[PDB]
Engineer: 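So that we are looking at the same thing, I have put the structure below in structure tokens.
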Amino acid sequence: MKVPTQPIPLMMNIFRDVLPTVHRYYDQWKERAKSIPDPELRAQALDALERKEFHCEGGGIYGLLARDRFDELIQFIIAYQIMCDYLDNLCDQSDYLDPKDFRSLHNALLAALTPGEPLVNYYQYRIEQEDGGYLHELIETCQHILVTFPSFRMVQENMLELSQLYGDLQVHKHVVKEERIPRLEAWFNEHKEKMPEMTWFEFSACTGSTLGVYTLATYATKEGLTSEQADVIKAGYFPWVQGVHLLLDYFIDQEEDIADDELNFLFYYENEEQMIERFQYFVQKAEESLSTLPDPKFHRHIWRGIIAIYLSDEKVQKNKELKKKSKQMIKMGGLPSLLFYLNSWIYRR
Amino acid sequence: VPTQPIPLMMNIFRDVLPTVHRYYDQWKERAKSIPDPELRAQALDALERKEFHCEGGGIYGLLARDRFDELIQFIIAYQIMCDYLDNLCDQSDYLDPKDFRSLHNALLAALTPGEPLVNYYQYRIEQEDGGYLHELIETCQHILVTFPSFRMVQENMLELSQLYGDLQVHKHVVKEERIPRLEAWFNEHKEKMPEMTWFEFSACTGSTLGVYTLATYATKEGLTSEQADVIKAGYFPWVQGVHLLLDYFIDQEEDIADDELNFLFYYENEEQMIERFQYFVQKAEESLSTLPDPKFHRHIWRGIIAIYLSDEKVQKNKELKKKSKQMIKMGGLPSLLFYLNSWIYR
């Protein structure tokens with residue numbers, strides 16, 4: 001009955017059930033994306049699918065908490081995540097940089113979390129519009145599944161709040177370079193009163209994960225969730241757990257971003273020791289919020305799994321300075337290094 | 001010496017496997033230069049398919065860090081020889097035991113510094129290897145003679161190598177002559193062994209772990225003859241027997257399909273096979289505990305068992321899966337390894 005929380009059965013279920021199920025649906029979307037009529041939209045859809053499998057693989061692990069709705073929960077997670085990464089590509093690769101385009105696109109995520117929302121032309125503010133129904137199909141996939149979850153209505157408000165903040169982030173960060181930080185700071189000002197003490201760039205990190213959305217959807221599959229329980233679940237992931245994941249994402253990409261002078265949120269810390277100190281703080285708060293969740297051991301394994309996977313990257317492990325700093329940031333009993341050497345072996349064979 | 005999962009796996013994947021690959025890759029390059037196209041093909045095939053034997057063998061280096069690279073080089077050279085010779089005998093057009101015996105005398109030469117090298121191919125047409133086999137032999141000879149307790153363990157190493165060789169000769173002759181040879185051969189040694197059958201004895205002789213363990217402890221100063229016999233007895237007969245009985249267990253269906261020699265088929269019934277397997281396991285547990293670094297040796301042995309049981313041939317065969325859980329208590333590791341492999345090799 002209970003979700004596996006020992007490493008052997010947990011890992012076994014991930015490789016037997018989660019990964020093949022994720023890829024069954026992922027591969028179906030790959031085939032649909034090839035049919036996209038507009039060659040630019042088609043290229044951006046396929047590129048996102050080629051490069052961002054891991055996000056769906058990680059998200060699908062939450063299916064183990066809801067075995068009775070395993071396939072449909074994974075279908076939701078995968079559709080929503082595919083959307084996120086497709087829209088990330090569309091905004092990141094736009095030649096035009098209209099925030100109205102970015103906003104319109106990210107309103108698709110709100111529609112996905114709103115059964116009965118009329119589907120509109122999300123591409124109305126850009127030149128490329130013929131996707132053969134790809135984005136609509138992704139939205140509808142989510143809508144059709146979520147409405148059948150017996151506690152969806154109880155988590156829906158919390159899911160939309162997280163989705164809205166994520167959307168805001170993608171609008172502001174992709175505009176012409178000179179307008180990005182001013183937009184992000186003014187946006188943080190709208191929400192600063194209601195958040196714990198943090199900077200605009202820490203807040204930006206907290207909003208950029210989809211883990212909260214998937215966790216809420218997962219507990220939506222169970223009968224009789226209360227409003228207080230839905231708020232506990234949201235708080236378990238937001239802001240601190242989501243923040244750690246995005247701070248790590250930006251940590252790994254520092255060398256690439258400093259080469260191209262791309263927006264990296266970690267650059268706005270006063271110095272490296274402040275960055276490290278605040279990361280440690282974030283880790284402590286995230287540990288704390290995870291402990292408040294149902295199935296606390298499971299959520300801890302997932303969270304620390306994703307951290308070990310990110311830190312196992314060649315960009316950390318082969319960089320003497322980044323490896324040093326990463327071990328000060330979080331202690332993982334040598335797991336990131338072990339995963340790096342294991343992956344090196346698997347590549348060779 | 002690390003005896004717990006994460007640092008043991010850390011030491012294996014960081015230190016052992018890349019060191020194994022340095023020298024294994026060097027041997028591939030020599031194999032490509034083999035003039036005879038059939039010898040070349042068989043050597044490359046063995047090198048392509050049997051790298052895991054060297055990877056696993058090289059883990060013993062963790063017991064002798066002061067001679068890490070040297071010990072690993074010996075283990076790799078010897079194992080490469082074994083798998084190359086296995087291919088030559090298995091894929092033979094002419095099932096001549098003189099040829100099979102001649103080839104396996106290279107293993108004896110490898111464990112005998114000063115032994116003059118001959119044409120090990122002299123009973124077959126395929127002979128021009130460009131010195132490949134001699135180079136493997138000399139790698140072993142030149143390393144082993146520099147180990148300070150090699151002379152103390154040499155007799156025991158040769159005994160195991162001889163038995164291994166004997167097995168390969170008798171295994172590969174024309175089908176109808178195999179069992180008589182194995183039975184006659186078992187009768188020569190039957191009095192020195194614990195109570196067992198010819199087919200169990202054959203299993204006991206088919207592993208190289210004893211050789212590598214003895215070479216590992218040959219790196220230590222001042223080993224006695226009594227210590228050398230304890231080390232040999234730690235792996236032979238029981239640990240090697242479990243290893244090879246599992247090997248046969250995995251291949252049962254293919255051997256039925258091909259009408260091939262499988263040593264498990266000569267038990268009186270399934271219950272007896274399982275009862276004796278369980279007895280072998282308990283005796284192997286007992287013998288491993290008499291070694292120094294007993295927890296390390298147990299981990300490697302049980303790792304080998306988990307890997308064997310994770311094979312698709314066990315995990316996707318309901319009867320074999322059923323028996324395997326009765327045969328040994330392994331938890332969920334074999335299933336986990338199966339699904340991990342299934343995901344990668346997808």
Side-chain angles (χ1 to χ4, degrees), chain A residues 7 54-55 58 195-196 198-209 211 236-283 285-293 296-297 299-344, chain B residues 2 4-15 18:
Chain A
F54 178 63
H55 294 161
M195 295 301 293
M198 63 180 71
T199 62
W200 67 267
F201 54 93
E202 290 173 325
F203 177 72
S204 295
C206 295
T207 66
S209 180
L211 293 171
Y237 277 82
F238 182 83
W240 305 111
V241 173
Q242 295 200 169
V244 170
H245 278 193
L246 271 291
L247 292 166
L248 282 173
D249 190 60
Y250 283 115
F251 179 80
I252 293 176
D253 296 338
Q254 288 179 292
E255 192 182 49
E256 190 179 31
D257 293 346
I258 198 173
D260 310 351
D261 195 48
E262 186 55 49
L263 183 58
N264 192 296
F265 292 142
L266 297 182
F267 176 77
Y268 305 101
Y269 281 111
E270 289 290 279
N271 52 53
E272 291 185 18
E273 278 314 299
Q274 187 182 78
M275 180 276 283
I276 292 167
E277 183 180 295
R278 287 291 291 177
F279 192 91
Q280 289 164 346
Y281 187 80
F282 265 77
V283 167
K285 287 276 159 161
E287 286 284 358
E288 191 172 27
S289 67
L290 291 159
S291 80
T292 70
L293 292 165
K297 294 180 190 167
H299 298 277
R300 199 164 187 282
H301 277 308
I302 275 188
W303 185 62
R304 293 190 71 83
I306 291 157
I307 296 160
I309 289 167
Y310 283 146
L311 293 179
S312 72
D313 199 297
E314 191 176 356
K315 292 167 187 163
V316 176
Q317 296 298 315
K318 289 194 167 268
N319 184 330
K320 201 188 82 163
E321 191 54 39
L322 285 182
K323 191 184 172 176
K324 172 179 176 301
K325 290 160 66 179
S326 69
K327 293 166 75 96
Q328 281 283 103
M329 284 156 68
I330 183 170
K331 288 165 173 158
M332 302 215 71
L335 290 174
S337 182
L338 174 53
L339 291 173
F340 165 77
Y341 290 120
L342 175 60
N343 279 15
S344 293
Chain B
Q4 72 198 258
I6 295 165
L8 185 48
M9 284 189 72
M10 184 75 77
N11 282 278
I12 292 169
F13 281 90
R14 184 183 69 214
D15 300 344

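In what follows, chains carry the letters A, B, and so on, assigned in the order in which the sequence lines appear, proteins first and then strands, with residues in each chain numbered from 1. As a basis for the values below, the full set of heavy atoms in this structure was taken, side chains included, without hydrogen atoms, waters or symmetry mates.
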Engineer: Side chains of A:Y237 and A:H299: any donor to acceptor distance under 3.5 Å?
Structural biologist: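 Judged by distance alone, the side chains do pair up.
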
Engineer: So, do A:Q317 and A:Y341 sit near enough that their side-chain heavy atoms are less than 4.5 Å apart?
Structural biologist: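 Counting from C-beta outward, A:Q317 and A:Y341 never come under 4.5 Å.
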
Engineer: So, A:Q280 side chain and A:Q328 main chain: donor-acceptor pair closer than 3.5 Å or not?
Structural biologist: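 Present.
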
Engineer: Closest approach of A:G236 and A:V241, non-hydrogen atoms and distance?
Structural biologist: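 Shortest heavy-atom contact: O-CG2, 3.2 Å.
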
Engineer: Give me the atom names and distance for the closest heavy-atom approach of A:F251 to A:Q254.
Structural biologist: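 Looks like O-OE1, 3.1 Å.
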
Engineer: What verdict does the side-chain contact (heavy atoms from CB on, under 4.5 Å) test give for A:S344 and B:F13, after you've listed the backbone C-alpha separation in whole Å, the side-chain angles of each residue and the deciding distance to 0.1 Å?
Structural biologist: CA-CA 9 Å; A:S344 293; B:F13 281 90; over 6 Å; no

Engineer: Can you tell me if A:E202 and A:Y268 form a side-chain donor-acceptor pair at under 3.5 Å?
Structural biologist: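 No, no side-chain donor-acceptor contact under 3.5 Å.
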
Engineer: How long is the straight-line distance from CZ of B:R14 back to CG of A:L342, given to the nearest 0.5 Å?
Structural biologist: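 A:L342 atom CG to B:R14 atom CZ measures 14.0 Å (nearest 0.5 Å).
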
Engineer: Is the ring centre of A:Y269 less than 6.0 Å from the ring centre of A:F201?
Structural biologist: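 Here the rings of A:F201 and A:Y269 have centres that are less than 6.0 Å from each other.
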
Engineer: Kindly indicate whether the side chain of A:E321, heavy atoms from C-beta on, has any atom under 4.5 Å from the side chain of A:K324.
Structural biologist: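 Result yes, sub-4.5 Å side-chain heavy-atom pair found.
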
Engineer: Quick one: does any side-chain atom of A:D249 pair with a main-chain N or O of A:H245 as donor and acceptor, under 3.5 Å?
Structural biologist: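 Not a single qualifying donor-acceptor pair exists.
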
Engineer: Minimum heavy-atom separation for A:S326 and A:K323, please, with both atom names.
Structural biologist: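 Scanning both residues completely, I find the closest heavy atoms to be OG-O, 2.7 Å.
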
Engineer: Quick check on A:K327: does its NZ atom have over 12 non-hydrogen neighbours (other residues, nucleotides or ligands) under 6.0 Å away?
Structural biologist: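 No, NZ of A:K327 has 12 or fewer neighbouring heavy atoms, counting only those of other groups under 6.0 Å.
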
Engineer: Minimum heavy-atom separation for A:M275 to A:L266, with atom names?
Structural biologist: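 Taking A:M275 first and A:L266 second, the nearest heavy atoms are CG-CD2, 4.0 Å.
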
Engineer: Closest heavy-atom contact between A:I252 and A:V316?
Structural biologist: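 Closest pair (atom of A:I252, atom of A:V316, distance): CG1-CG2, 3.9 Å.
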
Engineer: Apply the test side-chain contact (heavy atoms from CB on, under 4.5 Å) to residues A:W303 and A:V244: give CA-CA distance (whole Å), side-chain angles for both, the deciding distance (0.1 Å), then the verdict.
Structural biologist: CA-CA 9 Å; A:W303 185 62; A:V244 170; 3.6 Å; yes

Engineer: Can you tell me how far CE of A:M332 sits from CD1 of B:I6, rounded to the nearest 0.5 angstrom?
Structural biologist: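 These two atoms lie 10.0 Å from each other.
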
Engineer: I need the A:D257 CG to A:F267 CZ distance, nearest 0.5 Å.
Structural biologist: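 The distance works out to 11.5 Å.
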
Engineer: Which atoms form the tightest heavy-atom contact between B:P18 and B:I12, and what is the distance?
Structural biologist: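 Closest heavy-atom pair between B:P18 and B:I12: CD-O, 4.4 Å.
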
